[PDB]
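Novice: Dropping in query.tsv, which is TSV, N, CA and C atoms and all ligand atoms:
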```
chain	number	residue	atom	x	y	z
A	1335	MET	N	7.10	17.57	-4.86
A	1335	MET	CA	8.46	17.08	-4.42
A	1335	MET	C	8.53	16.86	-2.92
A	1336	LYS	N	9.54	16.14	-2.45
A	1336	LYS	CA	9.47	15.67	-1.10
A	1336	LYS	C	10.39	16.43	-0.16
A	1337	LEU	N	9.98	16.51	1.10
A	1337	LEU	CA	10.86	16.97	2.17
A	1337	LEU	C	11.07	15.79	3.15
A	1338	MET	N	12.29	15.30	3.30
A	1338	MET	CA	12.58	14.17	4.15
A	1338	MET	C	13.34	14.66	5.35
A	1339	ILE	N	12.77	14.52	6.51
A	1339	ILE	CA	13.36	15.01	7.71
A	1339	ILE	C	14.07	13.84	8.44
A	1340	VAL	N	15.39	13.81	8.34
A	1340	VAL	CA	16.22	12.65	8.80
A	1340	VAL	C	17.20	13.09	9.92
A	1341	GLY	N	17.60	12.16	10.79
A	1341	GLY	CA	18.37	12.45	12.01
A	1341	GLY	C	18.10	11.37	13.03
A	1342	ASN	N	18.97	11.20	14.00
A	1342	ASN	CA	18.76	10.16	14.98
A	1342	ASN	C	17.59	10.52	15.89
A	1343	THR	N	17.06	9.55	16.57
A	1343	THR	CA	16.01	9.82	17.48
A	1343	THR	C	16.45	10.82	18.51
A	1344	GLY	N	15.57	11.75	18.83
A	1344	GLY	CA	15.83	12.76	19.83
A	1344	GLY	C	16.38	14.09	19.33
A	1345	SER	N	16.65	14.18	18.04
A	1345	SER	CA	17.31	15.35	17.50
A	1345	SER	C	16.45	16.61	17.34
A	1346	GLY	N	15.13	16.48	17.28
A	1346	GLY	CA	14.26	17.64	17.18
A	1346	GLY	C	13.38	17.62	15.97
A	1347	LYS	N	13.38	16.52	15.24
A	1347	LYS	CA	12.77	16.51	13.91
A	1347	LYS	C	11.30	16.91	13.90
A	1348	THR	N	10.48	16.09	14.55
A	1348	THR	CA	9.07	16.33	14.79
A	1348	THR	C	8.77	17.70	15.39
A	1349	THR	N	9.47	18.16	16.44
A	1349	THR	CA	9.25	19.52	16.92
A	1349	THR	C	9.60	20.63	15.89
A	1350	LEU	N	10.70	20.47	15.18
A	1350	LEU	CA	11.01	21.40	14.11
A	1350	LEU	C	9.82	21.49	13.17
A	1351	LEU	N	9.27	20.38	12.70
A	1351	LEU	CA	8.36	20.44	11.57
A	1351	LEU	C	7.01	21.08	11.84
A	1353	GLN	N	6.94	23.31	14.33
A	1353	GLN	CA	7.14	24.74	14.29
A	1353	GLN	C	7.21	25.30	12.86
A	1354	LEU	N	7.82	24.58	11.92
A	1354	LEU	CA	7.92	25.05	10.54
A	1354	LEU	C	6.61	25.27	9.83
A	1355	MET	N	5.54	24.67	10.29
A	1355	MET	CA	4.28	24.72	9.56
A	1355	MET	C	3.35	25.74	10.15
A	1370	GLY	N	6.48	5.13	12.92
A	1370	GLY	CA	7.84	5.61	12.84
A	1370	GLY	C	8.15	6.41	11.59
A	1371	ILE	N	7.17	6.60	10.74
A	1371	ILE	CA	7.32	7.51	9.66
A	1371	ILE	C	6.02	8.27	9.61
A	1372	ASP	N	6.12	9.59	9.47
A	1372	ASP	CA	4.95	10.47	9.49
A	1372	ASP	C	4.94	11.38	8.27
A	1373	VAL	N	4.05	11.08	7.33
A	1373	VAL	CA	3.99	11.75	6.05
A	1373	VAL	C	2.87	12.75	6.11
A	1374	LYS	N	3.22	14.03	6.00
A	1374	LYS	CA	2.26	15.12	6.04
A	1374	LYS	C	2.31	15.95	4.73
A	1375	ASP	N	1.32	16.83	4.49
A	1375	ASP	CA	1.28	17.81	3.38
A	1375	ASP	C	1.45	19.21	3.95
A	1376	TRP	N	2.44	19.94	3.47
A	1376	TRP	CA	2.74	21.26	4.02
A	1376	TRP	C	2.34	22.35	3.05
A	1377	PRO	N	1.19	22.99	3.29
A	1377	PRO	CA	0.82	24.16	2.45
A	1377	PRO	C	1.61	25.44	2.75
A	1388	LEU	N	5.24	25.57	-4.27
A	1388	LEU	CA	4.46	24.35	-4.23
A	1388	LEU	C	4.09	24.07	-2.78
A	1389	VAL	N	3.33	22.99	-2.57
A	1389	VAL	CA	3.14	22.37	-1.25
A	1389	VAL	C	3.94	21.03	-1.05
A	1390	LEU	N	4.84	20.99	-0.06
A	1390	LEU	CA	5.69	19.84	0.16
A	1390	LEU	C	4.89	18.71	0.81
A	1392	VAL	N	6.03	16.09	3.13
A	1392	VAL	CA	6.90	15.94	4.32
A	1392	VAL	C	6.96	14.52	4.93
A	1393	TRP	N	8.12	13.90	4.84
A	1393	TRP	CA	8.25	12.62	5.48
A	1393	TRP	C	9.13	12.78	6.73
A	1394	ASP	N	8.57	12.51	7.89
A	1394	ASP	CA	9.28	12.72	9.10
A	1394	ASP	C	9.54	11.34	9.64
A	1395	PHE	N	10.84	11.05	9.78
A	1395	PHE	CA	11.36	9.78	10.21
A	1395	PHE	C	11.78	9.88	11.65
A	1396	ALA	N	11.38	8.89	12.41
A	1396	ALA	CA	11.66	8.83	13.78
A	1396	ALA	C	13.18	8.72	13.95
A	1397	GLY	N	13.81	7.81	13.20
A	1397	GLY	CA	15.27	7.61	13.28
A	1397	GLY	C	15.87	6.76	12.16
A	1398	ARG	N	17.01	6.14	12.45
A	1398	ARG	CA	17.81	5.35	11.50
A	1398	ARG	C	17.08	4.14	10.95
A	1399	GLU	N	16.47	3.34	11.82
A	1399	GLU	CA	15.81	2.11	11.39
A	1399	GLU	C	14.72	2.39	10.36
A	1400	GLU	N	13.97	3.47	10.59
A	1400	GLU	CA	12.83	3.80	9.76
A	1400	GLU	C	13.22	4.30	8.39
A	1401	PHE	N	14.35	4.99	8.29
A	1401	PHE	CA	14.85	5.54	7.03
A	1401	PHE	C	15.45	4.37	6.21
A	1402	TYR	N	16.12	3.44	6.88
A	1402	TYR	CA	16.70	2.26	6.22
A	1402	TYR	C	15.58	1.46	5.56
A	1403	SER	N	14.48	1.32	6.25
A	1403	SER	CA	13.34	0.54	5.74
A	1403	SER	C	12.75	1.02	4.44
A	1404	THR	N	13.10	2.23	4.03
A	1404	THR	CA	12.49	2.78	2.84
A	1404	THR	C	13.53	2.92	1.78
A	1405	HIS	N	14.64	2.21	1.88
A	1405	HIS	CA	15.53	2.14	0.74
A	1405	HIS	C	14.64	1.62	-0.38
A	1406	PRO	N	14.96	1.94	-1.65
A	1406	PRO	CA	14.19	1.30	-2.75
A	1406	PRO	C	14.29	-0.21	-2.74
A	1407	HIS	N	15.39	-0.77	-2.28
A	1407	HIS	CA	15.42	-2.21	-2.25
A	1407	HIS	C	14.26	-2.73	-1.46
A	1408	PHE	N	14.02	-2.23	-0.25
A	1408	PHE	CA	12.91	-2.75	0.54
A	1408	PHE	C	11.54	-2.36	-0.05
A	1409	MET	N	11.34	-1.12	-0.53
A	1409	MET	CA	10.02	-0.68	-1.06
A	1409	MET	C	9.56	-1.52	-2.21
A	1410	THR	N	10.51	-2.05	-2.99
A	1410	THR	CA	10.20	-2.90	-4.14
A	1410	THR	C	10.31	-4.39	-3.86
A	1411	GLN	N	11.21	-4.80	-2.98
A	1411	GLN	CA	11.56	-6.21	-2.94
A	1411	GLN	C	11.17	-6.91	-1.68
A	1412	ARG	N	10.82	-6.18	-0.66
A	1412	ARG	CA	10.32	-6.84	0.52
A	1412	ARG	C	8.91	-6.37	0.80
A	1413	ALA	N	8.13	-6.26	-0.28
A	1413	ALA	CA	6.73	-5.81	-0.21
A	1413	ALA	C	5.77	-6.92	-0.54
A	1414	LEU	N	4.79	-7.14	0.34
A	1414	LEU	CA	3.70	-8.03	0.03
A	1414	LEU	C	2.44	-7.21	-0.19
A	1415	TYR	N	1.76	-7.38	-1.31
A	1415	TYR	CA	0.73	-6.37	-1.64
A	1415	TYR	C	-0.64	-6.91	-1.47
A	1416	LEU	N	-1.56	-6.13	-0.90
A	1416	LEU	CA	-3.00	-6.47	-1.02
A	1416	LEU	C	-3.55	-5.58	-2.05
A	1417	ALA	N	-4.02	-6.13	-3.16
A	1417	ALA	CA	-4.66	-5.29	-4.17
A	1417	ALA	C	-6.17	-5.31	-3.88
A	1418	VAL	N	-6.72	-4.22	-3.34
A	1418	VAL	CA	-8.10	-4.25	-2.77
A	1418	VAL	C	-9.07	-3.56	-3.69
A	1419	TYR	N	-10.19	-4.16	-4.01
A	1419	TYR	CA	-11.10	-3.50	-4.91
A	1419	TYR	C	-12.51	-3.57	-4.42
A	1420	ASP	N	-13.35	-2.61	-4.80
A	1420	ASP	CA	-14.73	-2.56	-4.33
A	1420	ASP	C	-15.67	-3.31	-5.26
A	1421	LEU	N	-16.19	-4.45	-4.81
A	1421	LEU	CA	-16.62	-5.50	-5.71
A	1421	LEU	C	-18.04	-5.22	-6.15
A	1422	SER	N	-18.60	-4.13	-5.63
A	1422	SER	CA	-19.99	-3.80	-5.90
A	1422	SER	C	-20.19	-2.69	-6.94
A	1423	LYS	N	-19.09	-2.10	-7.39
A	1423	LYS	CA	-19.10	-1.25	-8.58
A	1423	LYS	C	-19.17	-2.09	-9.85
A	1424	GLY	N	-18.69	-3.32	-9.77
A	1424	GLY	CA	-18.71	-4.24	-10.95
A	1424	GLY	C	-17.44	-4.94	-11.50
A	1425	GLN	N	-17.42	-5.12	-12.82
A	1425	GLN	CA	-16.31	-5.77	-13.48
A	1425	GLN	C	-15.58	-4.69	-14.28
A	1426	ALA	N	-15.59	-3.48	-13.78
A	1426	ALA	CA	-14.74	-2.49	-14.35
A	1426	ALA	C	-13.88	-1.99	-13.27
A	1427	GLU	N	-14.12	-2.48	-12.07
A	1427	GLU	CA	-13.18	-2.22	-11.03
A	1427	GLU	C	-12.22	-3.34	-10.70
A	1428	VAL	N	-12.48	-4.52	-11.25
A	1428	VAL	CA	-11.43	-5.51	-11.47
A	1428	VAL	C	-10.60	-5.18	-12.70
A	1429	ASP	N	-11.01	-4.14	-13.43
A	1429	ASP	CA	-10.33	-3.75	-14.66
A	1429	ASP	C	-9.61	-2.42	-14.48
A	1430	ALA	N	-10.11	-1.59	-13.57
A	1430	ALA	CA	-9.35	-0.44	-13.08
A	1430	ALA	C	-8.12	-0.90	-12.31
A	1431	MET	N	-8.01	-2.20	-12.08
A	1431	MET	CA	-7.00	-2.75	-11.19
A	1431	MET	C	-5.81	-3.33	-11.94
A	1432	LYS	N	-5.99	-3.59	-13.23
A	1432	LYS	CA	-4.96	-4.16	-14.04
A	1432	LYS	C	-3.73	-3.29	-14.13
A	1433	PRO	N	-3.92	-2.00	-14.28
A	1433	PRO	CA	-2.83	-1.02	-14.21
A	1433	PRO	C	-2.09	-1.01	-12.88
A	1434	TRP	N	-2.79	-1.23	-11.75
A	1434	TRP	CA	-2.14	-1.42	-10.44
A	1434	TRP	C	-1.28	-2.63	-10.42
A	1435	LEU	N	-1.83	-3.70	-10.99
A	1435	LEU	CA	-1.10	-4.94	-11.03
A	1435	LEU	C	0.10	-4.84	-11.95
A	1436	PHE	N	-0.02	-4.08	-13.05
A	1436	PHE	CA	1.11	-3.77	-13.96
A	1436	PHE	C	2.23	-2.84	-13.37
A	1437	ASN	N	1.85	-1.86	-12.59
A	1437	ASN	CA	2.83	-1.08	-11.87
A	1437	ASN	C	3.53	-1.83	-10.74
A	1438	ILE	N	2.75	-2.51	-9.89
A	1438	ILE	CA	3.27	-3.54	-8.96
A	1438	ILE	C	4.29	-4.52	-9.60
A	1439	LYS	N	4.16	-4.78	-10.88
A	1439	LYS	CA	5.03	-5.67	-11.56
A	1439	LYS	C	6.21	-4.90	-12.06
A	1440	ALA	N	6.00	-3.67	-12.48
A	1440	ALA	CA	7.12	-2.91	-12.93
A	1440	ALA	C	8.11	-2.81	-11.80
A	1441	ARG	N	7.66	-2.35	-10.63
A	1441	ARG	CA	8.54	-2.21	-9.45
A	1441	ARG	C	9.38	-3.44	-9.15
A	1442	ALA	N	8.78	-4.63	-9.15
A	1442	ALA	CA	9.51	-5.89	-8.96
A	1442	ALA	C	8.61	-6.98	-9.47
A	1443	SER	N	9.12	-7.85	-10.34
A	1443	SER	CA	8.18	-8.74	-11.08
A	1443	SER	C	7.83	-10.05	-10.35
A	1444	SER	N	8.62	-10.37	-9.32
A	1444	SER	CA	8.42	-11.55	-8.46
A	1444	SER	C	7.43	-11.38	-7.30
A	1445	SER	N	6.85	-10.17	-7.17
A	1445	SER	CA	6.23	-9.71	-5.91
A	1445	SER	C	4.84	-10.18	-5.70
A	1446	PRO	N	4.57	-10.67	-4.50
A	1446	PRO	CA	3.35	-11.43	-4.32
A	1446	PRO	C	2.20	-10.48	-4.19
A	1447	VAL	N	1.04	-10.88	-4.68
A	1447	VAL	CA	-0.13	-10.03	-4.65
A	1447	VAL	C	-1.29	-10.87	-4.17
A	1448	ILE	N	-2.12	-10.32	-3.29
A	1448	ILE	CA	-3.31	-10.97	-2.80
A	1448	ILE	C	-4.50	-10.11	-3.17
A	1449	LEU	N	-5.33	-10.54	-4.10
A	1449	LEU	CA	-6.47	-9.73	-4.54
A	1449	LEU	C	-7.56	-9.84	-3.53
A	1450	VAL	N	-8.06	-8.71	-3.04
A	1450	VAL	CA	-9.28	-8.72	-2.17
A	1450	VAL	C	-10.38	-7.74	-2.60
A	1451	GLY	N	-11.52	-8.32	-2.96
A	1451	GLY	CA	-12.71	-7.54	-3.26
A	1451	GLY	C	-13.54	-7.31	-2.00
A	1452	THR	N	-13.88	-6.07	-1.72
A	1452	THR	CA	-14.64	-5.78	-0.53
A	1452	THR	C	-16.09	-5.44	-0.91
A	1453	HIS	N	-16.91	-5.05	0.07
A	1453	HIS	CA	-18.30	-4.73	-0.17
A	1453	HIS	C	-19.02	-5.95	-0.72
A	1454	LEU	N	-18.80	-7.15	-0.13
A	1454	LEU	CA	-19.56	-8.42	-0.45
A	1454	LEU	C	-20.98	-8.18	-0.09
A	1455	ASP	N	-21.25	-7.79	1.16
A	1455	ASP	CA	-22.60	-7.46	1.62
A	1455	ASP	C	-23.47	-6.62	0.62
A	1456	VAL	N	-22.86	-5.74	-0.18
A	1456	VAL	CA	-23.63	-4.83	-1.04
A	1456	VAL	C	-23.60	-5.09	-2.58
A	1457	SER	N	-23.37	-6.32	-3.04
A	1457	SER	CA	-23.20	-6.62	-4.51
A	1457	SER	C	-23.95	-7.85	-5.08
A	1458	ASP	N	-24.42	-7.78	-6.33
A	1458	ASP	CA	-25.30	-8.82	-6.92
A	1458	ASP	C	-24.80	-10.21	-6.61
A	1468	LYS	N	-12.58	-10.84	-15.75
A	1468	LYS	CA	-12.38	-10.98	-14.33
A	1468	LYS	C	-11.12	-11.85	-14.03
A	1469	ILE	N	-10.96	-12.21	-12.74
A	1469	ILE	CA	-9.81	-12.91	-12.20
A	1469	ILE	C	-9.79	-14.32	-12.73
A	1473	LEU	N	-7.29	-12.63	-15.32
A	1473	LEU	CA	-5.85	-12.46	-15.05
A	1473	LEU	C	-5.19	-13.66	-14.29
A	1474	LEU	N	-4.90	-14.70	-15.07
A	1474	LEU	CA	-4.30	-15.95	-14.64
A	1474	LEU	C	-2.84	-15.78	-14.19
A	1478	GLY	N	2.59	-10.74	-17.49
A	1478	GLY	CA	2.43	-9.29	-17.41
A	1478	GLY	C	2.07	-8.90	-16.01
A	1479	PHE	N	1.46	-9.86	-15.31
A	1479	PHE	CA	0.88	-9.70	-13.97
A	1479	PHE	C	1.77	-10.32	-12.92
A	1480	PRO	N	1.74	-9.82	-11.67
A	1480	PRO	CA	2.67	-10.36	-10.65
A	1480	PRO	C	2.25	-11.76	-10.12
A	1481	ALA	N	2.99	-12.39	-9.21
A	1481	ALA	CA	2.60	-13.73	-8.72
A	1481	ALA	C	1.44	-13.53	-7.81
A	1482	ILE	N	0.23	-13.71	-8.33
A	1482	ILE	CA	-1.00	-13.52	-7.57
A	1482	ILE	C	-1.19	-14.74	-6.68
A	1483	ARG	N	-0.91	-14.53	-5.40
A	1483	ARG	CA	-0.86	-15.54	-4.34
A	1483	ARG	C	-2.25	-16.24	-4.07
A	1484	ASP	N	-3.31	-15.45	-3.89
A	1484	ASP	CA	-4.68	-15.97	-3.70
A	1484	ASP	C	-5.70	-14.90	-4.01
A	1485	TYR	N	-6.95	-15.10	-3.66
A	1485	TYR	CA	-7.90	-14.02	-3.90
A	1485	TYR	C	-9.15	-14.26	-3.04
A	1486	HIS	N	-9.58	-13.23	-2.34
A	1486	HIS	CA	-10.61	-13.37	-1.33
A	1486	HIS	C	-11.80	-12.47	-1.68
A	1487	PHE	N	-12.96	-12.75	-1.06
A	1487	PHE	CA	-14.14	-11.89	-1.13
A	1487	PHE	C	-14.61	-11.51	0.28
A	1488	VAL	N	-14.32	-10.29	0.74
A	1488	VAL	CA	-14.65	-9.93	2.13
A	1488	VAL	C	-15.82	-8.95	2.27
A	1489	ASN	N	-16.27	-8.82	3.50
A	1489	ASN	CA	-17.12	-7.73	3.94
A	1489	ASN	C	-16.22	-7.12	4.97
A	1490	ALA	N	-15.61	-5.98	4.60
A	1490	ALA	CA	-14.39	-5.49	5.26
A	1490	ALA	C	-14.67	-4.84	6.59
A	1491	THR	N	-15.95	-4.89	6.97
A	1491	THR	CA	-16.60	-4.15	8.05
A	1491	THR	C	-16.87	-4.93	9.39
A	1492	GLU	N	-16.89	-6.27	9.37
A	1492	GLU	CA	-17.08	-7.10	10.59
A	1492	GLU	C	-16.14	-8.31	10.56
A	1493	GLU	N	-15.79	-8.90	11.70
A	1493	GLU	CA	-14.96	-10.15	11.72
A	1493	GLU	C	-15.71	-11.29	10.97
A	1494	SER	N	-14.98	-12.25	10.39
A	1494	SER	CA	-15.60	-13.46	9.77
A	1494	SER	C	-14.75	-14.70	10.04
A	1500	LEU	N	-8.97	-14.21	5.14
A	1500	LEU	CA	-7.83	-13.47	4.64
A	1500	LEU	C	-6.71	-13.35	5.63
A	1501	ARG	N	-7.06	-13.04	6.88
A	1501	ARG	CA	-6.06	-12.66	7.90
A	1501	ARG	C	-4.94	-13.69	8.10
A	1502	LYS	N	-5.20	-14.95	7.79
A	1502	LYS	CA	-4.12	-15.90	7.89
A	1502	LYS	C	-3.40	-16.01	6.54
A	1503	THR	N	-4.12	-15.86	5.42
A	1503	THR	CA	-3.49	-15.96	4.07
A	1503	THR	C	-2.38	-14.93	3.97
A	1504	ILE	N	-2.43	-13.88	4.79
A	1504	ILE	CA	-1.41	-12.86	4.74
A	1504	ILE	C	-0.10	-13.47	5.28
A	1505	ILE	N	0.58	-14.24	4.42
A	1505	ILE	CA	1.98	-14.73	4.62
A	1505	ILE	C	2.76	-14.72	3.33
B	1	LIG	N1	-20.84	-2.40	3.52
B	1	LIG	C1	-19.50	-2.30	3.41
B	1	LIG	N2	-18.89	-1.11	3.52
B	1	LIG	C2	-17.54	-0.99	3.39
B	1	LIG	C3	-16.67	-2.13	3.14
B	1	LIG	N3	-15.41	-1.69	3.05
B	1	LIG	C4	-15.44	-0.37	3.22
B	1	LIG	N4	-16.71	0.03	3.40
B	1	LIG	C5	-17.22	1.36	3.63
B	1	LIG	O1	-16.87	2.01	2.41
B	1	LIG	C6	-16.12	3.19	2.70
B	1	LIG	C7	-14.72	2.88	2.12
B	1	LIG	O2	-13.80	3.59	2.87
B	1	LIG	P1	-12.32	3.28	3.24
B	1	LIG	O3	-12.27	2.12	4.20
B	1	LIG	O4	-11.86	4.52	3.89
B	1	LIG	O5	-11.67	3.21	1.81
B	1	LIG	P2	-10.19	3.55	1.28
B	1	LIG	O6	-10.10	4.85	0.57
B	1	LIG	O7	-9.79	2.53	0.27
B	1	LIG	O8	-9.21	3.71	2.43
B	1	LIG	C8	-16.20	3.37	4.22
B	1	LIG	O9	-17.29	4.20	4.65
B	1	LIG	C9	-16.54	2.01	4.81
B	1	LIG	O10	-17.39	2.09	5.98
B	1	LIG	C10	-17.39	-3.41	3.05
B	1	LIG	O11	-16.73	-4.47	2.82
B	1	LIG	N5	-18.75	-3.39	3.19
```
Just dump the structure as C-alpha cells.
Specialist:
Amino acid sequence: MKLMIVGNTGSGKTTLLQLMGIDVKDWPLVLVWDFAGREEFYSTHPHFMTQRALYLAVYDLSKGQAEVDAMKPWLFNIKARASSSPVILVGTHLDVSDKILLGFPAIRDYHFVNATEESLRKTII
C-alpha cells in the first residue's frame, strides 16, 4: 500500500521522510511517493496516468519470439487503462540477436534498436 507525502513546496516533506518532482521510495508491511508540490500531484490524477500517456513498449529482441509474446499482456493492460492510447513497440539488443499483432492499443510504429549507442527519438510524438 502507498504512502503519499503531499503539501506545497517548502513544507518539509522530503526532510520529514527522518522517518526512515516525484520521488518514489520503498520504506522497510513495507510502504512512499514524495511529491515536490501541487503541480506534481495534479499530474498523477488518474485522468493523466491513463489518458495523457504515450507508451514505449520495450522488449529484448534476443530472447526470441516469446518475448514479443510476454508483451501481449502489457499491450492488453495498456488497453484496459485507456483504449485509444498510443504505443510504440521497441525491440532492443539488435547487436546480440540472430510476431508484430496488427484487443490491442493504437500501435503507432515499431523500431529495432541497439539501445547502447547513438544511431526512434523523433518518432516519439
Ligand atoms: N548489447 C546491448 N545491451 C543492452 C541493450 N539494451 C540494454 N542492454 C544491456 O542490457 C541490460 C538491460 O538493462 P536495463 O537498461 O537496466 O534494463 P531495464 O530493466 O529494462 O531497465 C544492461 O546491462 C544494458 O547494458 C542493447 O540494445 N544492446
Novice: Taking all atoms listed in the file into account, report as a JSON list (two decimals) with N, CA and C atoms, keeping the file's coordinate frame which residues have an atom no farther than 6 Å from an atom of ligand LIG 1 (chain B).
Specialist:
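The resulting file, part_12.json, is shown below:
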```json
[["chain", "number", "residue", "atom", "x", "y", "z"],
["A", 1452, "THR", "N", -13.88, -6.07, -1.72],
["A", 1452, "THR", "CA", -14.64, -5.78, -0.53],
["A", 1452, "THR", "C", -16.09, -5.44, -0.91],
["A", 1453, "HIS", "N", -16.91, -5.05, 0.07],
["A", 1453, "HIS", "CA", -18.30, -4.73, -0.17],
["A", 1453, "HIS", "C", -19.02, -5.95, -0.72],
["A", 1454, "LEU", "N", -18.80, -7.15, -0.13],
["A", 1454, "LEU", "CA", -19.56, -8.42, -0.45],
["A", 1454, "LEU", "C", -20.98, -8.18, -0.09],
["A", 1455, "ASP", "N", -21.25, -7.79, 1.16],
["A", 1455, "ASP", "CA", -22.60, -7.46, 1.62],
["A", 1455, "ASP", "C", -23.47, -6.62, 0.62],
["A", 1456, "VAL", "N", -22.86, -5.74, -0.18],
["A", 1456, "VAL", "CA", -23.63, -4.83, -1.04],
["A", 1456, "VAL", "C", -23.60, -5.09, -2.58],
["A", 1488, "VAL", "N", -14.32, -10.29, 0.74],
["A", 1488, "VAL", "CA", -14.65, -9.93, 2.13],
["A", 1488, "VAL", "C", -15.82, -8.95, 2.27],
["A", 1489, "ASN", "N", -16.27, -8.82, 3.50],
["A", 1489, "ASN", "CA", -17.12, -7.73, 3.94],
["A", 1489, "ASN", "C", -16.22, -7.12, 4.97],
["A", 1490, "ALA", "N", -15.61, -5.98, 4.60],
["A", 1490, "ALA", "CA", -14.39, -5.49, 5.26],
["A", 1490, "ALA", "C", -14.67, -4.84, 6.59],
["A", 1491, "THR", "N", -15.95, -4.89, 6.97],
["A", 1491, "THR", "CA", -16.60, -4.15, 8.05],
["A", 1491, "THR", "C", -16.87, -4.93, 9.39]]
```
Novice: Calculated over all atoms listed in the file, which of the candidates A:1374, A:1341, A:1417, A:1445 has the smallest distance to residue 1397 of chain A?
Specialist: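 Looking only at the distances to residue 1397 of chain A, the closest residue turns out to be A:1341.
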Novice: What is the atom CA of residue 1482 of chain A to atom CA of residue 1430 of chain A distance in Å?
Specialist: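 Atom CA of residue 1482 of chain A sits 16.5 Å away from atom CA of residue 1430 of chain A.
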Novice: To one decimal place in Å, what is the distance between atom N of residue 1335 of chain A and atom CA of residue 1354 of chain A?
Specialist: 17.1 Å
Novice: Write out as a ChimeraX atom specification all residues of chain A that DSSP puts in helix (DSSP H, G or I) for this structure's backbone.
Specialist: /A:1347-1350,1398-1402,1406-1411,1432-1441
Novice: Keeping N, CA and C atoms for every residue in the selection just given, could you write it to a file as a CSV table (one decimal), in the coordinates of the input?
Specialist:
```
chain,number,residue,atom,x,y,z
A,1347,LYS,N,13.4,16.5,15.2
A,1347,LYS,CA,12.8,16.5,13.9
A,1347,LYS,C,11.3,16.9,13.9
A,1348,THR,N,10.5,16.1,14.6
A,1348,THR,CA,9.1,16.3,14.8
A,1348,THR,C,8.8,17.7,15.4
A,1349,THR,N,9.5,18.2,16.4
A,1349,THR,CA,9.2,19.5,16.9
A,1349,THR,C,9.6,20.6,15.9
A,1350,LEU,N,10.7,20.5,15.2
A,1350,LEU,CA,11.0,21.4,14.1
A,1350,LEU,C,9.8,21.5,13.2
A,1398,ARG,N,17.0,6.1,12.4
A,1398,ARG,CA,17.8,5.4,11.5
A,1398,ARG,C,17.1,4.1,11.0
A,1399,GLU,N,16.5,3.3,11.8
A,1399,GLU,CA,15.8,2.1,11.4
A,1399,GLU,C,14.7,2.4,10.4
A,1400,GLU,N,14.0,3.5,10.6
A,1400,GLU,CA,12.8,3.8,9.8
A,1400,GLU,C,13.2,4.3,8.4
A,1401,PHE,N,14.4,5.0,8.3
A,1401,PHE,CA,14.8,5.5,7.0
A,1401,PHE,C,15.4,4.4,6.2
A,1402,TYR,N,16.1,3.4,6.9
A,1402,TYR,CA,16.7,2.3,6.2
A,1402,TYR,C,15.6,1.5,5.6
A,1406,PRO,N,15.0,1.9,-1.6
A,1406,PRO,CA,14.2,1.3,-2.8
A,1406,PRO,C,14.3,-0.2,-2.7
A,1407,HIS,N,15.4,-0.8,-2.3
A,1407,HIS,CA,15.4,-2.2,-2.2
A,1407,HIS,C,14.3,-2.7,-1.5
A,1408,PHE,N,14.0,-2.2,-0.2
A,1408,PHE,CA,12.9,-2.8,0.5
A,1408,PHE,C,11.5,-2.4,0.0
A,1409,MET,N,11.3,-1.1,-0.5
A,1409,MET,CA,10.0,-0.7,-1.1
A,1409,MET,C,9.6,-1.5,-2.2
A,1410,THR,N,10.5,-2.0,-3.0
A,1410,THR,CA,10.2,-2.9,-4.1
A,1410,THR,C,10.3,-4.4,-3.9
A,1411,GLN,N,11.2,-4.8,-3.0
A,1411,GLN,CA,11.6,-6.2,-2.9
A,1411,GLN,C,11.2,-6.9,-1.7
A,1432,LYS,N,-6.0,-3.6,-13.2
A,1432,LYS,CA,-5.0,-4.2,-14.0
A,1432,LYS,C,-3.7,-3.3,-14.1
A,1433,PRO,N,-3.9,-2.0,-14.3
A,1433,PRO,CA,-2.8,-1.0,-14.2
A,1433,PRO,C,-2.1,-1.0,-12.9
A,1434,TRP,N,-2.8,-1.2,-11.8
A,1434,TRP,CA,-2.1,-1.4,-10.4
A,1434,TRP,C,-1.3,-2.6,-10.4
A,1435,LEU,N,-1.8,-3.7,-11.0
A,1435,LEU,CA,-1.1,-4.9,-11.0
A,1435,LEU,C,0.1,-4.8,-12.0
A,1436,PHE,N,0.0,-4.1,-13.0
A,1436,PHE,CA,1.1,-3.8,-14.0
A,1436,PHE,C,2.2,-2.8,-13.4
A,1437,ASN,N,1.8,-1.9,-12.6
A,1437,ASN,CA,2.8,-1.1,-11.9
A,1437,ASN,C,3.5,-1.8,-10.7
A,1438,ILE,N,2.8,-2.5,-9.9
A,1438,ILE,CA,3.3,-3.5,-9.0
A,1438,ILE,C,4.3,-4.5,-9.6
A,1439,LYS,N,4.2,-4.8,-10.9
A,1439,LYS,CA,5.0,-5.7,-11.6
A,1439,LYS,C,6.2,-4.9,-12.1
A,1440,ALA,N,6.0,-3.7,-12.5
A,1440,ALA,CA,7.1,-2.9,-12.9
A,1440,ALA,C,8.1,-2.8,-11.8
A,1441,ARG,N,7.7,-2.4,-10.6
A,1441,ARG,CA,8.5,-2.2,-9.4
A,1441,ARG,C,9.4,-3.4,-9.2
```
Novice: Could you check how far atom N of residue 1478 of chain A sits from atom N of residue 1422 of chain A, in Å to one decimal?
Specialist: 25.2 Å
Novice: Using backbone DSSP assignments, extract all strand (DSSP E) residues from segment 1340-1494 of chain A; output them as a count of residues only.
Specialist: 26
Novice: With 8 Å of padding per side, what axis-aligned box (centre and edge lengths, Å, one decimal) covers all the listed atoms of segment 1411-1419 of chain A? Give it as AutoDock Vina command-line options.
Specialist:
```
--center_x -0.5 --center_y -5.8 --center_z -2.1 --size_x 40.1 --size_y 20.5 --size_z 21.7
```
Novice: From the list A:1479, A:1484, A:1400, A:1406, which residue is nearest residue 1436 of chain A when using all atoms listed in the file?
Specialist: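 For residue 1436 of chain A, the nearest of the candidates is A:1479.
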Novice: Tell me, as a VMD selection string, which residues lie within 8 Å of residue 1409 of chain A, counting only N, CA and C atoms; anything in the same chain fewer than 5 positions away does not count.
Specialist: chain A and resid 1402 to 1404 1414 1441 to 1442
Novice: Nearest to residue 1450 of chain A among A:1434, A:1408, A:1395, A:1415, with distances taken over only N, CA and C atoms: which residue is it?
Specialist: A:1415
Novice: What's around residue 1416 of chain A at 6 Å? Count only C-alpha atoms, leave out sequence neighbours fewer than 2 positions away in its own chain, and write the answer as a PyMOL selection string.
Specialist: chain A and resi 1418+1447-1449
